[PDB]
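Report on one structure; see the data block that follows.
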Amino acid sequence: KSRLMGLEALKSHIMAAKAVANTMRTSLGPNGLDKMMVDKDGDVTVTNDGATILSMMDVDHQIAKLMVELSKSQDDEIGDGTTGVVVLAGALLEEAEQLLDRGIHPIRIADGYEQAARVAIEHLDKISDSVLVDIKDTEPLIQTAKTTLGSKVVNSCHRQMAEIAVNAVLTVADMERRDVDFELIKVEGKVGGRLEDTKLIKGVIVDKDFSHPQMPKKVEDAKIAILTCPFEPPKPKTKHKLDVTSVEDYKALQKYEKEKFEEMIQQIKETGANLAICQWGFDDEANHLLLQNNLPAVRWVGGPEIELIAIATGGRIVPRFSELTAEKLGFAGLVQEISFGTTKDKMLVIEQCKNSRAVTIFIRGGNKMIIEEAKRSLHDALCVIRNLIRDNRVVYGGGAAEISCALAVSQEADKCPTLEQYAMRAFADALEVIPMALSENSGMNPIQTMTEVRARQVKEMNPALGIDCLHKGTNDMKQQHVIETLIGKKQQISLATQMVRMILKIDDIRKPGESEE
Amino acid sequence: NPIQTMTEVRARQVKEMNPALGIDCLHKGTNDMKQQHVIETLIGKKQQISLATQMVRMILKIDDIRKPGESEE
Amino acid sequence: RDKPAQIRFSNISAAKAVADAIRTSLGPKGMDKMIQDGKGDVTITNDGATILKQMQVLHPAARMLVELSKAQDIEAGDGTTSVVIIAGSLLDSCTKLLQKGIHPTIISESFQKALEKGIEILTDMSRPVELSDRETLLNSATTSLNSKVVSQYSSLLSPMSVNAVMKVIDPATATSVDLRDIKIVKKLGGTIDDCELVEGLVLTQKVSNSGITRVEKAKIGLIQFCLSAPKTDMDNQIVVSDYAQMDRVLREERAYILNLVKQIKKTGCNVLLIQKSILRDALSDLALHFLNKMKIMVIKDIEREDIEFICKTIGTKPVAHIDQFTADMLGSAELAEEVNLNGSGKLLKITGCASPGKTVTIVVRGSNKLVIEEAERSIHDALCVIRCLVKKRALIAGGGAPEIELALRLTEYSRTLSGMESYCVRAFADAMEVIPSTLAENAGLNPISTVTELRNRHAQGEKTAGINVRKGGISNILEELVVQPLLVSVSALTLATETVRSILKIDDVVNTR
Amino acid sequence: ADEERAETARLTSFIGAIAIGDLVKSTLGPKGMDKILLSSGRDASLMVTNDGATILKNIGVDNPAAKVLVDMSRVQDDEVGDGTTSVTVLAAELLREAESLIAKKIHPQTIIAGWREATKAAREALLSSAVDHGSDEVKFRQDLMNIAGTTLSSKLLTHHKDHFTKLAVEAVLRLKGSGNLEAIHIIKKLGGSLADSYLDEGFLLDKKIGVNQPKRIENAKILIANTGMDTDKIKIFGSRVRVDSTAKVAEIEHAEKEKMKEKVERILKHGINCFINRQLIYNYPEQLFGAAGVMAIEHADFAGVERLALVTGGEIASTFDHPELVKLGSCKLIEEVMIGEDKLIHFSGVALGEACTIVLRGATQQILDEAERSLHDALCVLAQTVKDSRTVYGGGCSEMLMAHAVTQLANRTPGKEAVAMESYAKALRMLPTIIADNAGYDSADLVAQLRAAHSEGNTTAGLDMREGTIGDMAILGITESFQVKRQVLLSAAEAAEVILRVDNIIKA
C-alpha cells in the first residue's frame, strides 16, 4: 500500500466532503432542490434530504462513509439537523486547508474549531433555553412542525401530524426521563393513503382482519388470545414441505386439520378470548372452523408482533396454545378493522387506551414517496418535537444564529493572542455558508444575504428576523417561523466540528489508494 | 417563401397570363407589376434573356478542354 | 434535427439505391447472379421478380420495399417489379423538393395529389374491356400467358382461367374471383394438358394409398373425434412388466378401432379430414388402415390448408365422437375421388360439394413438378390478369411505357395545380418516365442513345402515342400485344404512393427496446 | 455512490426528455407529420406512429429524466387523454425553455415558482379562454362532440372516429356525467368491415359450436357462471397419477377422457338447457355436453355477463357453484350468426340501454386498437366536458391566448421571474410552431400576430394547420374541454420543474 500524508491525504480529506456537501447544500432545507437519484437498479429516488442523499450515496473515502453515518446520529437524535452538520463539516476543510496553507499546523487549526465550538453551542443556549409540557409545547411543536413538517415541503393541514407527534413523543420519550425513546412509537402506514389522512392510533393495528364477515367484526374489550399455535403451516426455522400424492392420501388431510382447529378454536374460545391472535395465524381452513365455533379471531401475525400485542396491550403473556388460561390474555380496547377512507390502507386496530405500551403513528400517502414524504417529514418533526418536548429550546435559524454566533467567536478570536483565533475566525467564518447556500437554494444573492442578517445582527444583536428560508419574501426567522430545537442546533456543531477534528488528527493514511470508503 | 411566391403567381398565371400583376419586388402586400410599377424595356429582358442563354451556350463553345498545362495557369 | 433530415435521406439512400439495380426490369438483360449473402452464402439468383420476394434487404427503408414488391402481386398478380420501378421514381423527386427544402408532409399529400389524378390519367389511358367477356378474359390473360413460361399450354390455360373466373365470377359485372376463391392444386403426374379446371372444391391432399373409394356419395368433413381403443383413447390399469401385458391391449386395440371405422363408413364417410390433434393416437395408423378398409379417405394430421377450403367452400362443422356416431356435420360431398394420372399423385376431388358460386379448383398436372409449376405460374397470371380485368375493367399497356403517358400529362396537371405541390407532384410527374430505360439498362456498353430518347419518343408521341417498351417502335402502348388491366398499374402507384410517403414521416430513429 | 452533478444531470435532464419530446410533436398539431416507430431493437420492423406512448413506451426508457416524462405523460394520457404527446413535449419544451435561463443560471428557486405562477396564468388564461358550449344539452351533445372532435381527431380511424363521435356522446349523456365501457361494451373482432362498428344487442362471442349441439337455442334462461372447467376440474378423485413405466405414460392421457364426463353432471342438478361459463373446452368435450342435454356455452364475456346483468337485472358475482350464488339472466335468443367470414355465437333480445355492447370490426387489430383508446380519451374528457362544459379553442388558439395573458402577467408581476414566467409562455407557443412547419406554414408571421390577433380578441379564429391557415376553431370544431387542456398544463410543468429541482443524480 501507501502511507499518504501531508497535503496528499489532506486533499483526500478535503476532496470527498465537497462532492458530498454540495448536493446536500443544493438540497439544503425547503429551498433545497429535490434530487432524483437513480440506482444501478434503475430506480428513481428524488432526494431533497441530505440524509436521504447520504442514505442514497456512499462516497468513496472513509469520512464520506462516516458523514452518511454522522447525520444519522442527529437524524436519530434530532431528526432535522441531517444536512447542515455535513455541508459545513467540509467547509471547515476549506477553512482549515487554507489555514494550513497559511502555514498553521493541522493540529493547531484542528483544535481551534472545537475550542471555538463552545460559543457555537453556547451562544445558541441564550436564545431559547425554555421548557414546556405536551399541551403547552403542542403550539410550539406545531409551530416547529410548521418548519419540520414543511422541511419535506409537507406541513399543510399537517398540524394533524404535528399534534399526533406531540402526544407520540411524550408517551414514548418522557419529558422527565430525558432519554431518547422512539422504540414504543410503532411506525405504521400504507401506500395509497393521503398526506391529509394521518392518524395516531394509541394501540396496535394488525394488518390481518376477521377470518369472516359472517363472524362479528367487533371483538369486545380485552379477551384477546395471545398465542403461538398453528392454524396454518407452522413455518419453523427449517423444515421441508412434502405434499400428498394419492387419492386415499388426500381425504384424511382435510379431516384432521378440521378436528384439531375446532378443539383449538373451541379451547381458545373456551379459554374465554374472543380474538385469537396466533403467532401462527389461520389458514383459510381454520377460518371456517373458527366460524363453526363462532369466535372472532386474527390470521397470520408476525412472530414478534404477538409480543407487540403483549407489550402494547398490557395483556399478560401466554406464549403458546398448550398453556391456555383465562387469566393471561391479550387486551384490546376495541377490535375494529379500520378503513381510513382509502381502503388501500386497511388495518384491524387492537386498541389501547388505559395501558398503551406502544403508541402507533399511522401515516398515509398516495405513493411510496408520499408516505415516505410524510414519514421522514413527521419523523424528523417527531425528533425535534421530542427534543422540544423534553426541553423546548429553539432559535431563529437559517443562518440568523450562524451570523450571531459568528460575531462572538470571530470577535473572541482576536481577544486571544492564541494561534486559534485564525481557527476561531475561520470557525466563525465557516458558520455562515448555511444562509449563503440557503440564499442560493432560495435563489438570492447569498453574499449580501448573510450580511443583511448581520446588518440586522448589528441592529438585532439576536436572530429573530432572518433572510428567506421559504422564498416567501418576508425576511424572518420569527414571523416566517424558522424555529427548531436549540438542542439539534447544538448537535450539528459538536458533531460537525468534533468529527472534522477526528478527521483532522488523522492525516495518517494507510490505504492502497488515497480515499477508501 | 420563394416557393409559395412562385406558386402564388403560378396560380395567377393559371388565372391570368402576362398580368399587370406580378410578385412584390417592393414587398408590398399587393403583388403587382403595374402597381409595383416594376417593369423593364422589353428590349432589356429579351436582351437579358439573350445573355445567360448566350453564356450557358458559350460554356459549350467548341471542343477543346486541353491546355498547354496552362488554362488558368 | 439532422437525424430526421439524414435518416429520411438515409432511408431515401438505401431504398432508392436498391430500387435502381432492382431495375433491369424484365427483358433478357443484365448478367446472372450468384449471391453471397449478408451473413454469407452463394445464392444463384435470377428474375428480379422472385428476387424481389427473395430480397432480404434489411434497413428501415429497405423492409418496405420487399413488402411493396409482394403487395402488387397479391394486388394484381403482375407488376411485381413495376411497383418498385416507380418506387425509386418517387424516391428521387422527394430529394429535389427537400433539396428545394419543401416540407415533407407538404411533399406527402403531393403523392396523394399524384395518386389521385394519376390513376385517372391511367383511367383515361385505360381502354375498358369487359370483365365477364370470354374474349377480353382470353386476350388479356393471353398477353400475360404468351409472356409466361408456357405460351403453348397458355391456349389450354387461358380458358381454364376464363372459365375458372366465369364460374366463380359474379354474373355480368363483378369484382370477384379472388385468388382465395381459386384453389390452385398441384397434382404430380398428368400433363400440363392434363391440368384440370374443376368448378367445385378439389383438396390437394394426398388420399391414403389407393384402391380406396373413387365412388359417389362421399361424406367429407374435418372430424375432431378420435378412435378409441385400449392404449389409444381408452383406460387401462395394466403396467407392462411382462410381454403378455404388452400384447393383450393391442389385440383389443386394433379390433375395437376396426369396428369404429365401420361407424365412420356407416356414417356414409368416403372421406374424413382427421383433426391434427391426437391424444396418444387419435386415428391410429392401423385405424387409417382400418378406415381405408372401409374406403374412408383419410390423411392423418391433414394439412391446415385443405381444412379451411372444405370449411370455406362446403361450410364444414365439427363432428360428434364416433361412439356418439356423428352429427353428420361432415361437409356435403357427393364424390370422394382419388385421381391417378401418369400413374402419379393422389388427389382428393370433392365435386358436388357445397359451393358459393365460387371456389374453382384448377388441378395442375405435369410430367414433373417443374412441368407442373410452369403452367401453374402461367395460369396464375392467366387467372390474375383476368382477375385484374374482373376486379377492374380495362386494358392498358404493360411494361411501364404508359407511365410516361401519365408523365407528360401529370406534369401539366401540376402546372395547372399551380401550387407548391405543383412543384412537388411535377418533380415526380416527369420523374416517373425513368422506367423504360432502366428496364433496358443493366446489360451492355455504348449506352446512351435509347435511354433519353425513350421518354422523348413517347413525348414526341405526345399523350396519345409513344414507344412500345417490349416490342419497340412508337405505337400507342395501351393496345399492342403489350397490355395489362389497369388494376395492375394503378395499385403500383397506390402501394408506392404511401410506403414512400411513409418515409417522409420518419423523424430521426428509434429502436423498440 | 455514483453522483451525477449539477453540470451533467440537468443537461442530461435537459436532453433526454427533449430528445424524447421531439418525435411526438412532429405527429402533433393539425396535419402533424407522423413519426415512424422503427423497431430494429426487438424485431426488425417499421411502425407508423402518431401515438405518444407507442412512440414513447415501445421505447424502453433508460435516462432517469426520460423516465419521469414518459412516466408522467403516460398516466396523464390514461387519466386525461392524449397526455403522452402533450406533457412529454410541453415539459421538454419547458426544458428547452429552462436552458437559456440555466445558461443564465436563473435560480432553480426562481424558475419553479416563476413557472408555477405562469402555469396558473395559462391555466387561468385557458380558463379565461374557456367557455361552456354545454349550456344546452344538444349544445352539450355538440360540446361533447366538439370536445371529442378534438379528442377523436388526427387518428388512423375512419368510420370508428365517427361512430364514437355519437357513441361517446351517447354514452356520456345517458350516464349523466361519466363515460364508460360498462355503458358501451367494446368487442374488437375481425371482419370484412374495416372501420365499421355498431351498437350490439345482448352480446356476441367468437367461436363456433359444432358436433351434436344445435347452433341456436330458443327460450334461453342464462345460467351465469364465473366457474367452469379446464377440461380437468381439480377435486378429490381428480388427483390420480398412475405414471411410472412407459405403459402408464400411454394410459394416463386416456384417463382425461374419464375426467371430462363427470363434469357434465354438476350442471344437470341445475336443470337448464343454457349454461354459460367463463372457461373453455375442446371439440371432444363439445361431443360430451350436447349429448347429455345441458349445452355448454363456453368462455362467456366478462363484460357480456355484465352487459346482460345491467339490463336484464341480473347480478355479477364470483365463485359459481349452484345457480343461487350468481343471479340468473335471460336472453331472448341464443344463436350463432355469420359475420363476414367469421362464425360467431351471439346473445341478444336486450337492445342497448344502460349497458351497451360495441362490436368493432376491422381488417387488422390496428384499426381496432385506436377506436377503444380514442373513445377512452373521449369518454373521460367528455366526462370532463360534464364537469367543465368549457370548450376552449384547440389547435393553438387556446395555446396562443394563454402565453399572451401569461405575458402581461409575466411582465409586471415578476421583478425577476419574467425569466421563468415568459419562458413558460414561450413553450405554449412552441406547439403551434412544430405544427406550422408540419403544415408547411410559417410559425412566426402566424404565431406572434395570430396570438395577438386573437389575443386582441378573435377567439373563434385560430390556427387551422390542415390548410396551414389562420382559421376559425369554432366552425372547424377545433376546441376541447378546459379540463383535458388544464390537466396537460398541470403535469408537464412538473416533469420539467421536477428534474430542474434535480441538480444531482446519485447512482446506488
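Letters A, B, ... go to the chains of the C-alpha cells in the order shown; residues in each chain start at 1; ligands are counted from 1 in the same order.
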
Write out as a tab-separated table the residues of chain D that have any atom within 12 Å of an atom of chain B, one row each with the nearest atom pair and its distance in Å to one decimal, counting only C-alpha atoms, sorted by chain and then rising number.
```
residue	atom	partner	partner_atom	distance
D:440	CA	B:4	CA	10.1
D:441	CA	B:1	CA	9.4
D:442	CA	B:1	CA	8.7
D:445	CA	B:1	CA	11.7
```

Residues within 12 Å of residue D:297, only C-alpha atoms, excluding chain neighbours under 2 positions, as a PyMOL selection string: chain D and resi 204-210+213-217+220+222-225+228-229+267+272-282+285-286+289-290+294-295+299-301+334-336+345-347

Spatial neighbours of stretch 148-154 of chain C, max dist 9 Å, only C-alpha atoms, sep filter under 4 positions, as a ChimeraX atom specification: /C:141-144,158-159,192-193,374-375,377-379,381-382

Within 7 Å of stretch 299-303 of chain A using only C-alpha atoms, minus same-chain residues under 4 positions, as a ChimeraX atom specification: /A:208,211,277-282

Test item: chain B residues at most 7 Å from chain C, counting only C-alpha atoms, as a list in words: residues 3, 4, 7, 10, 11 and 14 of chain B

Residues within 6 Å of stretch 63-70 of chain D, only C-alpha atoms, excluding chain neighbours under 4 positions, as a PDB file with N, CA, C and O atoms, in the first residue's frame:
```
ATOM      1  N   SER D  13     -30.920  15.889 -17.833  1.00  0.00           N
ATOM      2  CA  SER D  13     -32.346  16.146 -17.657  1.00  0.00           C
ATOM      3  C   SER D  13     -32.880  17.023 -18.781  1.00  0.00           C
ATOM      4  O   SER D  13     -34.025  16.858 -19.217  1.00  0.00           O
ATOM      5  N   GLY D  16     -32.477  14.442 -22.459  1.00  0.00           N
ATOM      6  CA  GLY D  16     -33.206  13.186 -22.573  1.00  0.00           C
ATOM      7  C   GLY D  16     -34.689  13.383 -22.821  1.00  0.00           C
ATOM      8  O   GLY D  16     -35.258  12.816 -23.758  1.00  0.00           O
ATOM      9  N   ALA D  17     -35.334  14.197 -21.985  1.00  0.00           N
ATOM     10  CA  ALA D  17     -36.740  14.499 -22.204  1.00  0.00           C
ATOM     11  C   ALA D  17     -36.934  15.299 -23.484  1.00  0.00           C
ATOM     12  O   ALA D  17     -37.908  15.093 -24.217  1.00  0.00           O
ATOM     13  N   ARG D  74     -47.485   9.489 -19.487  1.00  0.00           N
ATOM     14  CA  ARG D  74     -48.262   8.272 -19.685  1.00  0.00           C
ATOM     15  C   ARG D  74     -49.537   8.284 -18.856  1.00  0.00           C
ATOM     16  O   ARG D  74     -50.635   8.093 -19.389  1.00  0.00           O
ATOM     17  N   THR D  88     -45.077  15.207 -22.502  1.00  0.00           N
ATOM     18  CA  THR D  88     -43.704  14.990 -22.942  1.00  0.00           C
ATOM     19  C   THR D  88     -43.147  16.228 -23.630  1.00  0.00           C
ATOM     20  O   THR D  88     -42.189  16.838 -23.143  1.00  0.00           O
ATOM     21  N   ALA D 495     -42.984  17.808 -14.750  1.00  0.00           N
ATOM     22  CA  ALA D 495     -41.994  16.978 -15.426  1.00  0.00           C
ATOM     23  C   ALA D 495     -40.810  17.812 -15.893  1.00  0.00           C
ATOM     24  O   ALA D 495     -39.671  17.331 -15.923  1.00  0.00           O
TER      25      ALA D 495
END
```

Residues of chain C within 9 Å of chain D, only C-alpha atoms counted, as a ChimeraX atom specification: /C:1,58-61,63-64,102-106,224-226,230-241,246,279-280,312,317-321,324,326-329,502-513

Per residue of chain A within 9 Å of chain D, record the nearest atom pair and its distance in Å to one decimal, counting only C-alpha atoms, with rows in chain order and ascending residue number, as a Markdown table.
```
| residue | atom | partner | partner_atom | distance |
| --- | --- | --- | --- | --- |
| A:19 | CA | D:5 | CA | 8.3 |
| A:20 | CA | D:3 | CA | 8.8 |
| A:23 | CA | D:504 | CA | 6.1 |
| A:26 | CA | D:503 | CA | 7.5 |
| A:27 | CA | D:503 | CA | 8.6 |
| A:31 | CA | D:109 | CA | 6.6 |
| A:32 | CA | D:501 | CA | 8.2 |
| A:33 | CA | D:501 | CA | 4.6 |
| A:34 | CA | D:501 | CA | 4.8 |
| A:35 | CA | D:502 | CA | 3.9 |
| A:36 | CA | D:502 | CA | 5.5 |
| A:37 | CA | D:505 | CA | 4.1 |
| A:38 | CA | D:507 | CA | 5.1 |
| A:39 | CA | D:508 | CA | 4.2 |
| A:40 | CA | D:508 | CA | 5.6 |
| A:41 | CA | D:508 | CA | 7.7 |
| A:42 | CA | D:62 | CA | 7.8 |
| A:43 | CA | D:64 | CA | 8.1 |
| A:44 | CA | D:64 | CA | 6.6 |
| A:45 | CA | D:505 | CA | 8.7 |
| A:46 | CA | D:502 | CA | 7.7 |
| A:47 | CA | D:502 | CA | 8.4 |
| A:48 | CA | D:502 | CA | 8.6 |
| A:53 | CA | D:506 | CA | 7.7 |
| A:56 | CA | D:508 | CA | 6.3 |
| A:57 | CA | D:1 | CA | 4.3 |
| A:58 | CA | D:1 | CA | 4.4 |
| A:59 | CA | D:1 | CA | 5.1 |
| A:60 | CA | D:1 | CA | 7.5 |
| A:245 | CA | D:239 | CA | 7.6 |
| A:246 | CA | D:240 | CA | 6.6 |
| A:247 | CA | D:237 | CA | 5.8 |
| A:248 | CA | D:237 | CA | 8.8 |
| A:250 | CA | D:236 | CA | 6.8 |
| A:251 | CA | D:236 | CA | 7.1 |
| A:440 | CA | D:107 | CA | 7.5 |
| A:441 | CA | D:109 | CA | 6.1 |
| A:442 | CA | D:109 | CA | 5.6 |
| A:443 | CA | D:107 | CA | 4.9 |
| A:444 | CA | D:107 | CA | 7.8 |
| A:471 | CA | D:109 | CA | 7.7 |
```

Any chance you can output those residues with N, CA and C atoms as a compact mmCIF listing (two decimals), in the first residue's frame?
```txt
# COMPACT_ATOMS: atom_id res chain seq x y z
N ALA A 19 -17.84 17.11 -2.89
CA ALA A 19 -18.83 16.45 -3.73
C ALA A 19 -20.05 16.05 -2.91
N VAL A 20 -19.81 15.49 -1.72
CA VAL A 20 -20.88 15.17 -0.80
C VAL A 20 -21.70 16.41 -0.46
N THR A 23 -24.41 18.58 -3.20
CA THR A 23 -25.75 18.07 -3.47
C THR A 23 -26.63 18.20 -2.24
N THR A 26 -27.33 22.05 -2.09
CA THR A 26 -28.32 22.34 -3.11
C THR A 26 -29.67 21.71 -2.78
N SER A 27 -29.68 20.66 -1.96
CA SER A 27 -30.90 20.10 -1.40
C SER A 27 -31.20 20.65 -0.01
N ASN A 31 -35.97 25.37 0.44
CA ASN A 31 -35.37 25.89 -0.78
C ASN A 31 -34.40 24.90 -1.41
N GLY A 32 -33.86 23.98 -0.63
CA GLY A 32 -33.08 22.90 -1.18
C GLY A 32 -33.83 22.13 -2.23
N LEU A 33 -33.12 21.76 -3.28
CA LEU A 33 -33.73 21.32 -4.52
C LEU A 33 -33.86 19.80 -4.52
N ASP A 34 -34.92 19.31 -5.16
CA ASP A 34 -35.30 17.92 -4.99
C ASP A 34 -34.58 17.06 -6.03
N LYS A 35 -33.68 16.20 -5.56
CA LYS A 35 -32.75 15.49 -6.44
C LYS A 35 -33.21 14.07 -6.71
N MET A 36 -33.66 13.82 -7.94
CA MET A 36 -33.81 12.48 -8.49
C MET A 36 -32.46 11.78 -8.44
N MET A 37 -32.41 10.61 -7.82
CA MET A 37 -31.21 9.80 -7.73
C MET A 37 -31.55 8.35 -8.02
N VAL A 38 -31.00 7.82 -9.11
CA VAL A 38 -31.39 6.51 -9.63
C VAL A 38 -30.30 5.50 -9.34
N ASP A 39 -30.69 4.32 -8.88
CA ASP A 39 -29.75 3.27 -8.51
C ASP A 39 -29.08 2.68 -9.75
N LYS A 40 -28.20 1.72 -9.52
CA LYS A 40 -27.87 0.72 -10.52
C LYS A 40 -29.03 -0.24 -10.73
N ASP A 41 -30.06 -0.14 -9.88
CA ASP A 41 -31.27 -0.93 -10.04
C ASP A 41 -32.23 -0.26 -11.02
N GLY A 42 -31.87 0.92 -11.51
CA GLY A 42 -32.72 1.69 -12.40
C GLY A 42 -33.91 2.32 -11.72
N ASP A 43 -33.79 2.75 -10.47
CA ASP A 43 -34.95 3.20 -9.72
C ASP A 43 -34.77 4.64 -9.24
N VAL A 44 -35.68 5.50 -9.68
CA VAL A 44 -35.65 6.92 -9.37
C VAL A 44 -35.94 7.13 -7.89
N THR A 45 -35.04 7.83 -7.21
CA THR A 45 -35.26 8.30 -5.85
C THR A 45 -34.99 9.80 -5.82
N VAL A 46 -36.03 10.58 -5.57
CA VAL A 46 -35.94 12.04 -5.53
C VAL A 46 -35.61 12.45 -4.11
N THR A 47 -34.44 13.06 -3.93
CA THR A 47 -33.91 13.31 -2.60
C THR A 47 -33.62 14.79 -2.41
N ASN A 48 -34.43 15.43 -1.57
CA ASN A 48 -34.09 16.77 -1.11
C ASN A 48 -33.47 16.69 0.27
N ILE A 53 -30.04 11.74 0.74
CA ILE A 53 -28.90 11.78 -0.16
C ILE A 53 -27.74 10.98 0.43
N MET A 56 -28.65 7.65 0.11
CA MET A 56 -28.55 7.25 -1.28
C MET A 56 -27.09 7.05 -1.69
N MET A 57 -26.21 7.93 -1.24
CA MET A 57 -24.80 7.80 -1.56
C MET A 57 -24.10 6.82 -0.62
N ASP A 58 -23.01 6.25 -1.12
CA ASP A 58 -21.83 6.01 -0.31
C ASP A 58 -20.61 6.48 -1.11
N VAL A 59 -19.98 7.57 -0.67
CA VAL A 59 -18.93 8.17 -1.48
C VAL A 59 -17.59 7.65 -0.98
N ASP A 60 -16.65 7.46 -1.90
CA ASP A 60 -15.50 6.64 -1.54
C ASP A 60 -14.45 7.50 -0.86
N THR A 245 -49.57 -37.26 -2.56
CA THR A 245 -49.58 -37.73 -3.94
C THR A 245 -50.75 -38.63 -4.32
N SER A 246 -51.64 -38.97 -3.40
CA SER A 246 -52.62 -40.03 -3.65
C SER A 246 -54.03 -39.55 -3.36
N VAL A 247 -55.00 -40.28 -3.92
CA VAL A 247 -56.40 -40.04 -3.62
C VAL A 247 -56.72 -40.44 -2.18
N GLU A 248 -56.27 -41.63 -1.77
CA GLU A 248 -56.51 -42.07 -0.41
C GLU A 248 -55.70 -41.25 0.59
N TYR A 250 -55.42 -37.93 0.21
CA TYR A 250 -55.95 -36.57 0.20
C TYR A 250 -57.09 -36.40 1.20
N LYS A 251 -57.97 -37.40 1.31
CA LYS A 251 -59.19 -37.25 2.11
C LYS A 251 -58.88 -36.96 3.57
N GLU A 440 -28.79 30.69 -1.90
CA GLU A 440 -28.57 30.12 -3.22
C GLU A 440 -29.70 29.17 -3.59
N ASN A 441 -30.03 28.25 -2.68
CA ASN A 441 -31.24 27.46 -2.87
C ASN A 441 -32.48 28.34 -2.83
N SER A 442 -32.43 29.43 -2.06
CA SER A 442 -33.53 30.39 -2.05
C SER A 442 -33.49 31.26 -3.29
N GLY A 443 -32.43 31.16 -4.09
CA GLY A 443 -32.34 31.92 -5.31
C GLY A 443 -32.19 33.41 -5.10
N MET A 444 -31.26 33.79 -4.22
CA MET A 444 -31.00 35.18 -3.90
C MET A 444 -29.49 35.37 -3.87
N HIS A 471 -38.51 31.46 0.66
CA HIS A 471 -38.63 32.20 -0.60
C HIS A 471 -39.96 32.93 -0.68
```

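Here the strand (DSSP E or B) residues in stretch 94-271 of chain D, by DSSP on the backbone, are residues 132, 184, 185, 186, 187, 188, 189, 190, 197, 198, 199, 200, 201, 202, 203, 204, 205, 206, 207, 217, 218, 219, 220, 221, 222, 223, 224 and 225 of chain D.
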
Gap from atom CA of residue D:94 to atom CA of residue D:463 - Å, one decimal: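 Separation between atom CA of residue D:94 and atom CA of residue D:463: 21.7 Å.
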
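The two atoms in question, atom CA of residue C:488 and atom CA of residue C:76, are spaced 5.0 Å apart.
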
Test item: residues at most 9 Å from residue B:25, only C-alpha atoms, excluding those fewer than 4 positions along its chain, as a ChimeraX atom specification: /B:31-33,36,38
